[PDB]
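The file my_file.pdb comes next; it holds PDB, C-alpha atoms and all ligand atoms.
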```pdb
ATOM      1  CA  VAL A   3     118.678 -76.568-243.934
ATOM      2  CA  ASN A   4     115.571 -75.237-242.095
ATOM      3  CA  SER A   5     114.968 -72.069-240.005
ATOM      4  CA  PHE A   6     115.048 -73.445-236.430
ATOM      5  CA  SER A   7     117.759 -71.759-234.337
ATOM      6  CA  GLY A   8     119.431 -72.337-230.941
ATOM      7  CA  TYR A   9     118.398 -75.977-230.529
ATOM      8  CA  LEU A  10     120.515 -78.598-228.763
ATOM      9  CA  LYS A  11     120.824 -81.804-230.857
ATOM     10  CA  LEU A  12     119.861 -84.915-228.842
ATOM     11  CA  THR A  13     119.861 -87.515-231.652
ATOM     12  CA  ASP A  14     119.970 -87.841-235.415
ATOM     13  CA  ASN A  15     116.423 -86.421-235.588
ATOM     14  CA  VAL A  16     115.464 -84.882-232.197
ATOM     15  CA  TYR A  17     116.370 -81.315-231.154
ATOM     16  CA  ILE A  18     115.428 -79.402-227.974
ATOM     17  CA  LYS A  19     115.395 -75.783-226.838
ATOM     18  CA  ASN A  20     114.206 -73.851-223.780
ATOM     19  CA  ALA A  21     111.396 -71.924-225.461
ATOM     20  CA  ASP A  22     107.766 -70.801-225.284
ATOM     21  CA  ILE A  23     106.046 -72.804-228.056
ATOM     22  CA  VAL A  24     103.838 -69.802-229.016
ATOM     23  CA  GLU A  25     106.816 -67.416-229.302
ATOM     24  CA  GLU A  26     108.722 -70.099-231.265
ATOM     25  CA  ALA A  27     105.858 -70.662-233.781
ATOM     26  CA  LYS A  28     105.391 -66.909-234.357
ATOM     27  CA  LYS A  29     109.117 -66.501-235.100
ATOM     28  CA  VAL A  30     109.656 -69.625-237.277
ATOM     29  CA  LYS A  31     106.199 -70.095-238.847
ATOM     30  CA  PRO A  32     106.913 -73.845-239.268
ATOM     31  CA  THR A  33     105.066 -76.136-241.636
ATOM     32  CA  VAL A  34     103.652 -78.046-238.634
ATOM     33  CA  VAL A  35     103.183 -77.013-235.019
ATOM     34  CA  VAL A  36     101.955 -79.750-232.662
ATOM     35  CA  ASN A  37      99.202 -78.972-230.180
ATOM     36  CA  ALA A  38      98.862 -80.900-226.920
ATOM     37  CA  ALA A  39      95.166 -81.503-227.526
ATOM     38  CA  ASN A  40      92.405 -83.352-225.726
ATOM     39  CA  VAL A  41      89.864 -85.548-227.515
ATOM     40  CA  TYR A  42      87.293 -82.720-227.573
ATOM     41  CA  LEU A  43      89.737 -80.152-228.974
ATOM     42  CA  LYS A  44      88.798 -77.914-226.034
ATOM     43  CA  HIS A  45      91.815 -75.543-225.886
ATOM     44  CA  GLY A  46      91.630 -74.123-222.370
ATOM     45  CA  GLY A  47      95.095 -74.387-220.806
ATOM     46  CA  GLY A  48      98.737 -75.253-221.403
ATOM     47  CA  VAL A  49      99.968 -75.496-224.997
ATOM     48  CA  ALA A  50      96.404 -75.685-226.355
ATOM     49  CA  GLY A  51      95.149 -72.574-224.552
ATOM     50  CA  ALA A  52      98.325 -70.617-225.319
ATOM     51  CA  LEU A  53      98.278 -71.487-229.038
ATOM     52  CA  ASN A  54      94.545 -70.942-229.144
ATOM     53  CA  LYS A  55      94.875 -67.559-227.421
ATOM     54  CA  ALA A  56      97.598 -66.592-229.897
ATOM     55  CA  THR A  57      95.149 -67.309-232.765
ATOM     56  CA  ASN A  58      92.540 -64.974-231.196
ATOM     57  CA  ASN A  59      90.310 -68.084-230.651
ATOM     58  CA  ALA A  60      90.255 -68.976-234.368
ATOM     59  CA  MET A  61      91.788 -72.362-233.503
ATOM     60  CA  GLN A  62      88.855 -73.068-231.150
ATOM     61  CA  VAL A  63      86.264 -71.995-233.750
ATOM     62  CA  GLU A  64      87.799 -74.294-236.358
ATOM     63  CA  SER A  65      88.095 -77.098-233.800
ATOM     64  CA  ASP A  66      84.449 -76.885-232.739
ATOM     65  CA  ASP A  67      83.377 -77.254-236.374
ATOM     66  CA  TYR A  68      85.719 -80.268-236.722
ATOM     67  CA  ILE A  69      84.212 -81.981-233.650
ATOM     68  CA  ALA A  70      80.634 -81.205-234.704
ATOM     69  CA  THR A  71      81.347 -83.001-237.999
ATOM     70  CA  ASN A  72      83.653 -85.841-236.902
ATOM     71  CA  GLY A  73      83.172 -86.422-233.186
ATOM     72  CA  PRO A  74      85.995 -86.690-230.676
ATOM     73  CA  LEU A  75      89.501 -87.886-231.364
ATOM     74  CA  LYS A  76      90.928 -91.043-229.783
ATOM     75  CA  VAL A  77      93.481 -90.843-226.999
ATOM     76  CA  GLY A  78      96.689 -91.483-228.936
ATOM     77  CA  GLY A  79      95.152 -89.995-232.091
ATOM     78  CA  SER A  80      95.472 -86.763-234.039
ATOM     79  CA  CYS A  81      94.024 -84.539-236.695
ATOM     80  CA  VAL A  82      95.529 -81.932-239.022
ATOM     81  CA  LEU A  83      93.889 -78.509-238.970
ATOM     82  CA  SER A  84      94.986 -74.999-239.894
ATOM     83  CA  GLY A  85      98.016 -73.449-238.222
ATOM     84  CA  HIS A  86      96.330 -70.013-238.441
ATOM     85  CA  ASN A  87      98.908 -67.246-237.789
ATOM     86  CA  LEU A  88     101.383 -69.651-236.132
ATOM     87  CA  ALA A  89     102.196 -72.328-238.753
ATOM     88  CA  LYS A  90     100.951 -73.727-242.043
ATOM     89  CA  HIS A  91      99.273 -76.624-240.206
ATOM     90  CA  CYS A  92      98.522 -77.588-236.627
ATOM     91  CA  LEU A  93      98.770 -81.287-235.789
ATOM     92  CA  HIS A  94      96.463 -81.758-232.782
ATOM     93  CA  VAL A  95      97.804 -84.810-230.936
ATOM     94  CA  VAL A  96      96.106 -86.385-227.903
ATOM     95  CA  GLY A  97      98.548 -87.822-225.415
ATOM     96  CA  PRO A  98      97.143 -89.683-222.411
ATOM     97  CA  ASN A  99      96.166 -87.450-219.490
ATOM     98  CA  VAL A 100      97.458 -89.196-216.332
ATOM     99  CA  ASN A 101      95.313 -86.776-214.232
ATOM    100  CA  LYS A 102      92.235 -88.454-215.895
ATOM    101  CA  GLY A 103      93.407 -92.117-215.596
ATOM    102  CA  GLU A 104      94.461 -92.773-219.222
ATOM    103  CA  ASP A 105      96.964 -95.531-220.160
ATOM    104  CA  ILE A 106     100.530 -94.134-220.378
ATOM    105  CA  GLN A 107     101.245 -96.876-222.975
ATOM    106  CA  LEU A 108      99.209 -94.680-225.341
ATOM    107  CA  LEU A 109     102.005 -92.097-225.283
ATOM    108  CA  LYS A 110     103.939 -94.091-227.898
ATOM    109  CA  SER A 111     100.864 -94.202-230.147
ATOM    110  CA  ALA A 112     100.499 -90.433-229.743
ATOM    111  CA  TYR A 113     104.102 -89.812-230.824
ATOM    112  CA  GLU A 114     103.658 -92.117-233.860
ATOM    113  CA  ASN A 115     101.463 -89.393-235.376
ATOM    114  CA  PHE A 116     104.585 -87.239-235.720
ATOM    115  CA  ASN A 117     106.018 -89.711-238.270
ATOM    116  CA  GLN A 118     103.483 -88.559-240.864
ATOM    117  CA  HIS A 119     105.270 -85.161-241.052
ATOM    118  CA  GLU A 120     108.855 -84.554-242.183
ATOM    119  CA  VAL A 121     109.528 -81.691-239.757
ATOM    120  CA  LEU A 122     107.584 -80.504-236.688
ATOM    121  CA  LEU A 123     107.771 -77.952-233.891
ATOM    122  CA  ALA A 124     106.351 -79.675-230.849
ATOM    123  CA  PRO A 125     106.052 -79.826-227.056
ATOM    124  CA  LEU A 126     106.688 -82.927-224.966
ATOM    125  CA  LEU A 127     103.414 -84.898-224.939
ATOM    126  CA  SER A 128     101.497 -85.918-221.770
ATOM    127  CA  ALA A 129     103.734 -83.782-219.499
ATOM    128  CA  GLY A 130     102.995 -80.509-217.702
ATOM    129  CA  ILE A 131      99.303 -80.482-216.746
ATOM    130  CA  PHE A 132      98.662 -83.903-218.394
ATOM    131  CA  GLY A 133     100.433 -85.450-215.361
ATOM    132  CA  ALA A 134     103.109 -87.740-216.853
ATOM    133  CA  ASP A 135     106.872 -87.606-216.223
ATOM    134  CA  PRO A 136     108.603 -85.358-218.821
ATOM    135  CA  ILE A 137     111.832 -87.412-218.686
ATOM    136  CA  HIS A 138     109.728 -90.384-219.785
ATOM    137  CA  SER A 139     107.945 -88.413-222.499
ATOM    138  CA  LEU A 140     111.299 -87.356-223.973
ATOM    139  CA  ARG A 141     112.503 -90.973-223.948
ATOM    140  CA  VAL A 142     109.368 -92.157-225.769
ATOM    141  CA  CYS A 143     109.738 -89.301-228.257
ATOM    142  CA  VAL A 144     113.348 -90.238-229.062
ATOM    143  CA  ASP A 145     112.470 -93.941-229.313
ATOM    144  CA  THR A 146     109.358 -93.409-231.495
ATOM    145  CA  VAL A 147     109.686 -90.367-233.753
ATOM    146  CA  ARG A 148     111.852 -90.854-236.844
ATOM    147  CA  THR A 149     111.086 -87.530-238.558
ATOM    148  CA  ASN A 150     112.753 -84.244-237.561
ATOM    149  CA  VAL A 151     111.254 -82.918-234.334
ATOM    150  CA  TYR A 152     112.117 -79.591-232.678
ATOM    151  CA  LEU A 153     110.967 -79.744-229.035
ATOM    152  CA  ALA A 154     110.133 -76.502-227.232
ATOM    153  CA  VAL A 155     110.324 -76.845-223.424
ATOM    154  CA  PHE A 156     108.756 -73.803-221.688
ATOM    155  CA  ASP A 157     110.176 -74.344-218.188
ATOM    156  CA  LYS A 158     113.895 -73.483-217.986
ATOM    157  CA  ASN A 159     114.350 -75.631-214.913
ATOM    158  CA  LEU A 160     112.755 -78.647-216.619
ATOM    159  CA  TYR A 161     114.795 -78.056-219.790
ATOM    160  CA  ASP A 162     118.042 -78.225-217.806
ATOM    161  CA  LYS A 163     116.878 -81.396-216.067
ATOM    162  CA  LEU A 164     115.879 -82.999-219.388
ATOM    163  CA  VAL A 165     119.250 -82.265-220.994
ATOM    164  CA  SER A 166     121.337 -83.260-217.967
ATOM    165  CA  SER A 167     119.503 -86.578-217.496
ATOM    166  CA  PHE A 168     119.284 -87.510-221.197
ATOM    167  CA  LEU A 169     120.778 -90.892-222.080
TER     168      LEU A 169
HETATM  169  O1  LIG B   1     102.565 -76.260-220.537
HETATM  170  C1  LIG B   1     103.219 -76.681-221.430
HETATM  171  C2  LIG B   1     103.457 -78.188-221.583
HETATM  172  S1  LIG B   1     104.477 -78.865-220.246
HETATM  173  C3  LIG B   1     106.110 -78.095-220.303
HETATM  174  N1  LIG B   1     106.880 -77.982-221.395
HETATM  175  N2  LIG B   1     108.012 -77.354-221.017
HETATM  176  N3  LIG B   1     107.935 -77.087-219.710
HETATM  177  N4  LIG B   1     106.750 -77.550-219.259
HETATM  178  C4  LIG B   1     103.841 -75.730-222.454
HETATM  179  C5  LIG B   1     104.750 -76.136-223.400
HETATM  180  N5  LIG B   1     105.088 -75.083-224.128
HETATM  181  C6  LIG B   1     104.426 -73.965-223.699
HETATM  182  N6  LIG B   1     104.476 -72.685-224.159
HETATM  183  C7  LIG B   1     103.747 -71.730-223.606
HETATM  184  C8  LIG B   1     102.917 -72.036-222.529
HETATM  185 BR1  LIG B   1     101.879 -70.612-221.744
HETATM  186  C9  LIG B   1     102.844 -73.344-222.035
HETATM  187  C10 LIG B   1     103.630 -74.344-222.649
END
```
Written form, structure tokens:
Amino acid sequence: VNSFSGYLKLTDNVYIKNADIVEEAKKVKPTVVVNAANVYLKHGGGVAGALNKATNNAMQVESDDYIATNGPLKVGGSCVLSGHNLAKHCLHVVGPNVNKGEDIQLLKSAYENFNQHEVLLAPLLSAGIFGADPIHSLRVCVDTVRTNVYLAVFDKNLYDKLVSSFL
């Protein structure tokens, strides 16, 4: 028994709720929150900017030190950094950005990173401003992640579409 509340159960291990990921993290303080990162860990917009803003830019400061030491992530890759005031840890995961021409087949590789963590609060990867179809991202999530994932979908209209079209 964990502390996530109000989620709709999609499968054995995948749950979904119409929620702002920042407001969710602040309320639950999960072990792992997933960031929709880019390879440079430049948190300007979407999940990344909202989480980063909620950390008063501490996420960006930590991220810039990480990149200066390690160089960029791979598309499909991840790193574990601090969760600051939002979570114990933040798993920064790079899904492909369709709006930049990256291979959508890398979305499965991106979701595989979730399997290294027993429980995660996470957004749908590669959707929103990354330009891929959210219905597809949810399907890949369900078909790839085996650990317990709590998906926060910001847009109420999209949430209803995702639930109603879920197979
Ligand atoms: O932008 C995205 C990804 S795309 C999407 N996911 N659900 N609807 N659209 C966000 C996901 N969670 C968020 N929380 C706060 C803010 Br600000 C933005 C998002």
Taking all atoms listed in the file into account, report as a ChimeraX atom specification which residues have an atom no farther than 7 Å from an atom of ligand LIG 1 (chain B).
/A:22-24,48-49,52,125-126,129-131,154-157,160-161
Starting from the shown file, work through the PyMOL selection byres (((chain A and resi 29) around 12) and not hetatm) and note down what comes out as a ChimeraX atom specification.
/A:5-7,21-28,30-32,87-89,123
For C-alpha atoms, I'd like the residues from the last selection saved as a PDB file, in the coordinates of the input.
```pdb
ATOM      1  CA  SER A   5     114.968 -72.069-240.005  1.00  0.00           C
ATOM      2  CA  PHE A   6     115.048 -73.445-236.430  1.00  0.00           C
ATOM      3  CA  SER A   7     117.759 -71.759-234.337  1.00  0.00           C
ATOM      4  CA  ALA A  21     111.396 -71.924-225.461  1.00  0.00           C
ATOM      5  CA  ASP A  22     107.766 -70.801-225.284  1.00  0.00           C
ATOM      6  CA  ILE A  23     106.046 -72.804-228.056  1.00  0.00           C
ATOM      7  CA  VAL A  24     103.838 -69.802-229.016  1.00  0.00           C
ATOM      8  CA  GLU A  25     106.816 -67.416-229.302  1.00  0.00           C
ATOM      9  CA  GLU A  26     108.722 -70.099-231.265  1.00  0.00           C
ATOM     10  CA  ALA A  27     105.858 -70.662-233.781  1.00  0.00           C
ATOM     11  CA  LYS A  28     105.391 -66.909-234.357  1.00  0.00           C
ATOM     12  CA  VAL A  30     109.656 -69.625-237.277  1.00  0.00           C
ATOM     13  CA  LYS A  31     106.199 -70.095-238.847  1.00  0.00           C
ATOM     14  CA  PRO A  32     106.913 -73.845-239.268  1.00  0.00           C
ATOM     15  CA  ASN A  87      98.908 -67.246-237.789  1.00  0.00           C
ATOM     16  CA  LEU A  88     101.383 -69.651-236.132  1.00  0.00           C
ATOM     17  CA  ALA A  89     102.196 -72.328-238.753  1.00  0.00           C
ATOM     18  CA  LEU A 123     107.771 -77.952-233.891  1.00  0.00           C
TER      19      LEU A 123
END
```
Which residue, A:17, A:68, A:9, A:116, has the smallest gap to residue 37 in chain A when you use all atoms listed in the file?
A:116
Suppose a student applies the PyMOL selection byres (((chain A and resi 63-66) around 12) and not hetatm) to this structure; what residues should they get, written as number ranges by chain?
A: 37, 39-45, 50, 54-55, 57-62, 67-75, 81-86, 92-94
Which centre and edge lengths in Å to one decimal define the box along x, y and z that fits every listed atom of range 42-56 of chain A plus 6 Å per side, as lines of an AutoDock Vina configuration file?
```
center_x = 93.6
center_y = -74.7
center_z = -225.4
size_x = 24.7
size_y = 28.1
size_z = 21.1
```
What does the PyMOL selection byres (((chain A and resi 134) around 10) and not hetatm) select in this file, as a ChimeraX atom specification?
/A:97-101,106,109,127-133,135-139
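The smallest atom-to-atom distance between residue 33 in chain A and any of A:153, A:91, A:140, A:96, using only C-alpha atoms, is found for A:91.
Across A:8, A:78, A:51, A:145, the tightest approach to residue 105 in chain A is made by A:78 when counting all atoms listed in the file.
One distance worth recording is that between CA of residue 38 in chain A and CA of residue 102 in chain A, which is 14.9 Å.
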